[PDB]
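**Q** The structure's right below; bear with me while I get my questions together.
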Amino acid sequence: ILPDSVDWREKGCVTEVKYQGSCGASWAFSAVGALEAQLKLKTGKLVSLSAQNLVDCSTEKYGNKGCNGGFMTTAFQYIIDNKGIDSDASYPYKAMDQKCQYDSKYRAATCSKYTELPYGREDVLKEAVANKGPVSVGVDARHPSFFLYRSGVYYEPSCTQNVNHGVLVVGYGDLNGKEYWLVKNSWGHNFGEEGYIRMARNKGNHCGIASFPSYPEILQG
Ligand SMILES: CC(C)(C)OC(=O)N1CCC(CC(=O)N2CCc3c(c(-c4ccc(Cl)c(I)c4)nn3CCCN3CCOCC3)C2)CC1
């Protein structure tokens, strides 16, 4: 029996909401967000990791296209291959494609492995959020209602299971008669609930939230 609700912000495992601007780098923010939580669990320190590092350096070999989109899972593979990722402080976000400037002197995290969860399984996603930490997911965000969301549990009848926007599931719950996923976005603090959106849960893989989940791990050693 899983907890009725989870919120990894309450364990100090979630950094401030970021603002991607005109650069389509949500995949990079989702990836660093998932890795930030594992880093805090392992080291006790909460430090924002460089989404710009991924935009500039996790490119064609990883199937990623910087400000034109990418994947959280291949971002994790880049961090594994590169043996590190810089802090956001040392390598801050510029919302444009730049030359790779990774510097091991400012490495703030590593990645050992990642896990991909099965397509559409919200029960498996619930277990991973409860037992492993925040989970990178894609959602279908191509609806005016998503851009216009302010509060409550989001439900868009015309949503599809085909994803196009990377976000971070940091928890789940059940409030006001509605089950939801707690989602950290990267559209700044003025979007939604202080930068978060609660999305309908157990409504048939609504907006594809459980289509392509993945999470990284940092192992001892
Ligand atoms: C007409 C053509 C043939 C072009 O497409 C279709 O027929 N489609 C379009 C795609 C539809 C399915 C779908 O949503 N995804 C296709 C499969 C997919 C998508 C995402 C994903 C995750 C997070 C985010 Cl944020 C985003 I953004 C995407 N992860 N994965 C899993 C494999 C990713 N790869 C990356 C490279 O290394 C190998 C593994 C998007 C099905 C219908």
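Residues are referred to by chain and number: the chain letter is A, B, ... according to the order shown in the structure tokens, the number counts from 1 in that chain, and ligands are numbered separately from 1 in the order shown.
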What residues of the protein or nucleic acid chains come within 8 Å of ligand 1 when you use only C-alpha atoms and all ligand atoms? Reply as an MDAnalysis selection string.

**A** chainID A and resid 26:27 30 62:64 69:74 136:139 161:167 211:213

**Q** So that I can check the secondary structure, give me every residue of segment 120-221 of chain A assigned strand (DSSP E) by backbone DSSP, as number ranges by chain.

**A** A: 135-139, 153-154, 165-175, 178-184, 196-200, 214-217

**Q** Using C-alpha atoms, can you write the selected residues to a file as a CSV table (one decimal), in the first residue's frame?

**A**
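Output contents, as saved in selection.csv:
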chain,number,residue,atom,x,y,z
A,135,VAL,CA,10.3,11.3,-12.3
A,136,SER,CA,11.0,12.9,-15.6
A,137,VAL,CA,7.9,12.7,-17.9
A,138,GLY,CA,6.6,14.1,-21.1
A,139,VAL,CA,3.2,15.7,-21.4
A,153,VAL,CA,-6.5,19.8,-11.2
A,154,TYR,CA,-6.0,20.2,-14.9
A,165,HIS,CA,6.9,19.0,-23.4
A,166,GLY,CA,9.2,17.8,-20.7
A,167,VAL,CA,8.2,18.2,-17.1
A,168,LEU,CA,9.0,16.7,-13.6
A,169,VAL,CA,6.6,14.7,-11.5
A,170,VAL,CA,7.5,15.6,-7.9
A,171,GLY,CA,4.5,14.1,-6.2
A,172,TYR,CA,0.8,13.1,-6.3
A,173,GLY,CA,-2.3,13.3,-4.2
A,174,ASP,CA,-6.0,13.6,-3.9
A,175,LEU,CA,-7.6,16.9,-3.1
A,178,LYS,CA,-9.7,14.8,-7.7
A,179,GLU,CA,-6.6,12.6,-7.9
A,180,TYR,CA,-3.6,14.4,-9.4
A,181,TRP,CA,0.0,14.3,-10.3
A,182,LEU,CA,2.1,17.2,-8.9
A,183,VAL,CA,4.2,18.6,-11.9
A,184,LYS,CA,7.0,21.0,-11.8
A,196,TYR,CA,3.5,23.9,-10.7
A,197,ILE,CA,0.5,22.3,-12.4
A,198,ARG,CA,-1.6,19.5,-10.8
A,199,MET,CA,-2.6,17.2,-13.7
A,200,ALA,CA,-5.4,14.6,-13.6
A,214,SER,CA,12.3,7.9,-16.6
A,215,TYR,CA,14.5,8.7,-13.6
A,216,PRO,CA,18.2,8.7,-12.9
A,217,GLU,CA,20.2,7.3,-10.0

**Q** Just list the residues in segment 58-136 of chain A DSSP gives alpha helix (DSSP H) on the backbone, as a list in words.

**A**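 Taking segment 58-136 of chain A and keeping alpha helix (DSSP H) gives residues 72, 73, 74, 75, 76, 77, 78, 79, 80, 81, 82, 122, 123, 124, 125, 126, 127, 128, 129, 130 and 131 of chain A.
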
**Q** Could you write out the selected residues, including N, CA and C atoms, as a tab-separated table (two decimals), in the first residue's frame?

**A**
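Now in part_34.tsv:
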chain	number	residue	atom	x	y	z
A	72	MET	N	14.88	13.51	-22.10
A	72	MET	CA	15.49	13.41	-20.78
A	72	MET	C	16.36	12.16	-20.66
A	73	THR	N	15.93	11.04	-21.23
A	73	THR	CA	16.70	9.80	-21.07
A	73	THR	C	18.08	9.91	-21.72
A	74	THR	N	18.16	10.45	-22.94
A	74	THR	CA	19.48	10.60	-23.55
A	74	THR	C	20.28	11.69	-22.87
A	75	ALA	N	19.62	12.68	-22.27
A	75	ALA	CA	20.33	13.61	-21.41
A	75	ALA	C	21.04	12.88	-20.27
A	76	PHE	N	20.35	11.93	-19.62
A	76	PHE	CA	20.99	11.17	-18.56
A	76	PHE	C	22.19	10.40	-19.10
A	77	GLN	N	22.04	9.80	-20.29
A	77	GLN	CA	23.15	9.07	-20.90
A	77	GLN	C	24.36	9.99	-21.12
A	78	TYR	N	24.13	11.22	-21.58
A	78	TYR	CA	25.23	12.17	-21.72
A	78	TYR	C	25.94	12.39	-20.38
A	79	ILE	N	25.17	12.59	-19.30
A	79	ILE	CA	25.80	12.82	-18.01
A	79	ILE	C	26.63	11.60	-17.60
A	80	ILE	N	26.12	10.40	-17.86
A	80	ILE	CA	26.88	9.18	-17.60
A	80	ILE	C	28.18	9.18	-18.40
A	81	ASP	N	28.08	9.36	-19.73
A	81	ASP	CA	29.25	9.34	-20.62
A	81	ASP	C	30.25	10.43	-20.27
A	82	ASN	N	29.75	11.62	-19.96
A	82	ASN	CA	30.59	12.77	-19.68
A	82	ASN	C	31.23	12.71	-18.30
A	122	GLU	N	0.21	4.25	-15.02
A	122	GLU	CA	0.19	5.23	-13.94
A	122	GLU	C	0.39	4.59	-12.58
A	123	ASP	N	0.07	3.30	-12.45
A	123	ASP	CA	0.33	2.60	-11.20
A	123	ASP	C	1.83	2.42	-10.98
A	124	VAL	N	2.58	2.09	-12.04
A	124	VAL	CA	4.03	1.96	-11.92
A	124	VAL	C	4.67	3.32	-11.66
A	125	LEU	N	4.16	4.37	-12.33
A	125	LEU	CA	4.66	5.72	-12.09
A	125	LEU	C	4.41	6.15	-10.66
A	126	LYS	N	3.23	5.83	-10.12
A	126	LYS	CA	2.95	6.16	-8.73
A	126	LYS	C	3.96	5.49	-7.80
A	127	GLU	N	4.25	4.21	-8.04
A	127	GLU	CA	5.21	3.50	-7.20
A	127	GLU	C	6.59	4.14	-7.29
A	128	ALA	N	7.04	4.49	-8.50
A	128	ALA	CA	8.35	5.11	-8.66
A	128	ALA	C	8.42	6.47	-7.95
A	129	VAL	N	7.37	7.29	-8.08
A	129	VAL	CA	7.38	8.59	-7.39
A	129	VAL	C	7.45	8.38	-5.87
A	130	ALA	N	6.73	7.39	-5.35
A	130	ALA	CA	6.74	7.15	-3.91
A	130	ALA	C	8.08	6.59	-3.43
A	131	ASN	N	8.67	5.67	-4.19
A	131	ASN	CA	9.79	4.86	-3.73
A	131	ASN	C	11.15	5.27	-4.27

**Q** Determine, counting only C-alpha atoms, which protein, DNA and RNA residues have an atom within 12 Å of an atom of residue 50 of chain A; residues of the same chain fewer than 2 positions away are not included. Present the result as a ChimeraX atom specification.

**A** /A:15,18,25,28-33,35-36,47-48,52-58,75,79,84-95,100-103,106-109

**Q** Interatomic distance between atom CA of residue 159 of chain A and atom CA of residue 207 of chain A?

**A**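 Pair atom CA of residue 159 of chain A / atom CA of residue 207 of chain A returns 4.9 Å.
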
**Q** Return the single residue from A:203, A:42, A:121, A:99 that is closest to residue 160 of chain A, with distances computed using only C-alpha atoms.

**A**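 The answer is A:203, which sits nearest to residue 160 of chain A.
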
**Q** Which distance in Å separates atom CA of residue 19 of chain A and atom CA of residue 186 of chain A, to one decimal?

**A**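 If I compute the distance from atom CA of residue 19 of chain A to atom CA of residue 186 of chain A, I get 5.0 Å.
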